[PDB]
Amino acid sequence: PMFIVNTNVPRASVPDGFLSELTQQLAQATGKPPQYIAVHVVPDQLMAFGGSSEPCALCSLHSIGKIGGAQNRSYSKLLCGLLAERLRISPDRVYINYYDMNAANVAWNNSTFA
């Protein structure tokens, strides 16, 4: 699985250990092994949400399966929760796009997972 966060929040407000925490939580939440979890955080971004430049995030989670109605609802609670608690971002200023990737459309290590 792959999680990317884009946010106008400053670099200095991203706590040390945020990436490891995202890794550990996403592992538990998706049921996938941490070695396969990647996380990416892009602060200091020039963005707006609903015309306002108060703290916000635009994120995405890609996975081969482990993506669906119930699962996505659950991930939103978890991840908005973490963006709220660690980055002080209100959950009504967060979008997260989910992508159920086909195994043939994910490369890793000189091949694909198909």
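Residues carry their position along the shown sequence, with the first being 1.
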| query | finding |
| --- | --- |
| Greater mean Cα temperature factor according to the PDB record, 36-44 or 23-31 | 23-31 |
| 8-16 or 94-102, whichever carries the higher mean Cα B-factor | 8-16 |
| Residue selected from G81, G50, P55, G68 by maximal Cα B factor | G68 |
| For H62, the third of its chain into which the C-alpha B factor falls | lowest |
